[PDB]
Amino acid sequence: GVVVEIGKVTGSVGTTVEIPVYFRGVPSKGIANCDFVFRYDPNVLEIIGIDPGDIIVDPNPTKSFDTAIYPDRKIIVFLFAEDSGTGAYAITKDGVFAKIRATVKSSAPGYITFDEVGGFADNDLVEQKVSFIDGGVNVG
Amino acid sequence: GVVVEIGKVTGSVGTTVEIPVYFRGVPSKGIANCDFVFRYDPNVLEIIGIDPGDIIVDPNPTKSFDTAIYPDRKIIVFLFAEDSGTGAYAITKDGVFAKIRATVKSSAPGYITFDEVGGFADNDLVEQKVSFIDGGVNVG
Amino acid sequence: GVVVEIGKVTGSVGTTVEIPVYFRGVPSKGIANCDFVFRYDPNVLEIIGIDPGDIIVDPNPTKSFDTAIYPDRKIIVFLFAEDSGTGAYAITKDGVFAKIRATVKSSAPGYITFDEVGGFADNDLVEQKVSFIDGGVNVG
Amino acid sequence: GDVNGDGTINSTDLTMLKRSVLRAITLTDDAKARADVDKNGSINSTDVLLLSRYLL
Amino acid sequence: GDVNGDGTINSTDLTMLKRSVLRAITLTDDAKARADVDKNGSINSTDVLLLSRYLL
Amino acid sequence: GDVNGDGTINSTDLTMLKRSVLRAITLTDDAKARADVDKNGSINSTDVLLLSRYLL
Ligand SMILES: [Ca+2]
Ligand SMILES: [Ca+2]
Ligand SMILES: [Ca+2]
Ligand SMILES: [Ca+2]
Ligand SMILES: [Ca+2]
Ligand SMILES: [Ca+2]
Ligand SMILES: [Cl-]
Ligand SMILES: [Cl-]
Ligand SMILES: [Cl-]
């Protein structure tokens, strides 16, 4: 089915790095909506923002794509639901779904791991099979 | 005055059980509104829902009765306020106020205990004397 | 620049005391808006309310002044933004900005310390330099 | 009755009050005073009943 | 669709639903049932899509 | 100014912004950018003042 890949990057303490979230194996009907939660360590990584990738084609991306960061709860949340009304702004190709901007606070491994998945449906509102690969910063 | 009884039930691990909340000694003027908080252990019991009992007579029970479950805060909250506008949907007889649906996660005692009470008034908006008996699952 | 002084008071266990928050060195253009967070120990002090001081001149003080108390998060928050629309309700003189009402729960030092500051601007919307002095109850 | 303090008493106030009693949200110190309909120092189901009756 | 249960389905419901999925807020047990647009026992992005399309 | 992003700037936006600064609620990442009225990278009382003046 669909494979969601949390990227693996390296960076120095005090620098801000970008951790890509990849969508692999996007079906022919596409992906009209999805939501999922990732876990992280706020003592290791300070996540300052999340941006939509190029596979989100909505000219007003905030209408279809939104996120939230909770350091006290040690989680980040993604919400995608294409806002065309017709299925026009659905994800149809593989690539970067989102980019996590994080400032490295310590040399320890900064794991960004899959926690929970909600909906993940195509344009026919059929829920797709999905699997997650964990990643993060300095985890190799 | 009024006695609120948290029921005591037994059940196997992996099964979903129902824990009744009883209202005893309901006054002649009835009970137009009430709110209270119960404490529980989320590691022992997974509370998946709370339903109104038969002593709530509102044909649209959600208008008069609402609840909330907070596993991270280890509490459940009850809010009753009869929605007729005249006192018609007030509780007038003894019996089951609410049913707590919980899935047993472990063999340890699953205490559901009284934490806090707010309002508890009759149809004349007079606050009634109220006492609580603790219960739960596998607590005997 | 501007100095914010958390007052230092003494009181017996079981009594409610008032901890003044002073604004010192108020500029000539005044203070049109400010927000900041203070830290405290809920086991030592039970903060039951925060009132605006006499340096807030808004005849409807709640329109310009608001606060919040979070015992579970061990913080209190202040929000001032003069509501005249012209700069008329800005703070123009030194004195008591706010009064923290707290009931002393234990004999231990009850520190009320500066945690975070947001905006702190004059009537020309210029952000002012500001410093904080920590205080509390029975901290001497 | 005017929980949020926007100048109008409507369904939005009751929703905020009910969610507050159910502990879903916290109210600010100013809002707490306005949510205390019967002014007895507590925000509970009695306030909920009174506000809902006022709107109905 | 009527998340808050005020009798009208509008933008306020979608905002509450989206914030719930993003875990910014919690919904009450009554609201949870009404937020479950497709009635599959979960409140997620599929409900968000359906409600947003209904309003549009 | 449009905190919730419903297309209209009204009292609901100011209430959300004020509650955010008072730390009663959290805003989503999209809402955070729109709540940043003066676009200085922080959401505070200066944004509150500017939005309240805009509505008045
Ligand atoms: Ca109002
Ligand atoms: Ca009250
Ligand atoms: Ca509604
Ligand atoms: Ca659903
Ligand atoms: Ca708006
Ligand atoms: Ca700003
Ligand atoms: Cl709310
Ligand atoms: Cl909301
Ligand atoms: Cl809000």
Side-chain angles (χ1 to χ4, degrees), chain C residues 1-17 19-27 30-58 61-71 73 75-82 89-92 94-98 100-104 106-122 127-128 130-140, chain D residues 28-30 32-33 41, chain F residues 21-24 44-45 48:
Chain C
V2 189
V3 183
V4 181
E5 280 161 7
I6 300 150
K8 283 173 207 210
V9 292
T10 48
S12 296
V13 185
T15 68
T16 309
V17 294
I19 309 114
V21 180
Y22 298 104
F23 272 17
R24 308 270 183 219
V26 175
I31 300 293
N33 69 92
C34 63
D35 68 287
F36 40 83
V37 181
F38 293 162
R39 204 145 252 162
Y40 81 107
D41 199 330
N43 298 321
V44 184
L45 301 172
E46 184 188 45
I47 296 168
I48 52 138
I50 304 154
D51 302 301
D54 41 58
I55 67 166
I56 283 128
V57 294
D58 196 321
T62 54
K63 301 242 188 246
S64 291
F65 183 89
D66 204 352
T67 49
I69 302 143
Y70 310 107
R73 272 190 280 160
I75 47 145
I76 52 161
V77 197
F78 298 81
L79 173 62
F80 175 76
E82 76 91 31
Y89 299 151
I91 288 149
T92 51
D94 282 28
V96 186
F97 170 72
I100 306 155
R101 277 180 286 111
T103 305
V104 189
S106 115
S107 67
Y111 305 105
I112 299 159
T113 53
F114 161 69
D115 185 32
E116 194 260 359
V117 66
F120 219 111
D122 59 30
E127 296 293 332
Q128 304 294 290
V130 72
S131 61
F132 290 80
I133 291 160
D134 298 343
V137 183
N138 302 314
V139 296
Chain D
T28 61
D29 294 330
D30 287 357
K32 276 191 188 131
Chain F
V21 179
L22 283 156
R23 310 256 181 124
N44 60 39
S45 56
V48 170

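The analysis underlying the following values was restricted to heavy atoms, covering all of them including side chains, and did not include hydrogens, waters or symmetry mates. Quick note on labels: first sequence line is chain A, next is B, and so on, each numbered from 1.
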Contact summary for C/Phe97 and C/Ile56, nearest pair of heavy atoms
O-CD1, 3.3 Å
Do the side chain of C/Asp41 and the main chain of C/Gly110 share a donor and acceptor less than 3.5 angstrom apart?
no
If you look at every heavy atom in C/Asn33 and F/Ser45, which pair is closest and at what distance?
OD1-OG, 3.1 Å
My understanding is that only residues two or more places apart in sequence, or in another chain, count here; which of them pass side chain to side chain contact (heavy atoms under 4.5 Å, CB included) with C/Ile48?
C/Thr16, C/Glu46, C/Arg101, C/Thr103
If you look at every heavy atom in C/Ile47 and C/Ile76, which pair is closest and at what distance?
CD1-CG2, 3.8 Å
Shortest non-hydrogen pair, C/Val2 vs C/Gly25, comes out as CG2-O, 3.6 Å
With sequence neighbours excluded, tell me which residues meet ring pair (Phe, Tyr, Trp, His ring centres under 6.0 Å) with C/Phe114.
C/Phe132
Who are the side chain to side chain donor-acceptor pair (under 3.5 Å) partners of D/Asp30, not counting sequence neighbours?
none
Minimum heavy-atom separation for F/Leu22 to C/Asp66, with atom names?
CD2-O, 3.5 Å
Can you check whether C/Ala121's main-chain N or O pairs, donor with acceptor, with C/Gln128's side chain at less than 3.5 Å?
no
State, with a plain yes or no, whether a side-chain heavy atom of C/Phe38 is found less than 4.5 Å away from one of C/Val21.
yes
Side-chain donor/acceptor of C/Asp94 to backbone N/O of C/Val26, under 3.5 Å
yes
Of C/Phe80, C/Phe65, C/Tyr89, the residue whose pairing with C/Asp58 passes side chain to side chain contact (heavy atoms under 4.5 Å, CB included):
C/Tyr89
Scanning both residues in full, the closest heavy-atom pair of C/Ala98 with C/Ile50 reads CB-CG2, 4.0 Å
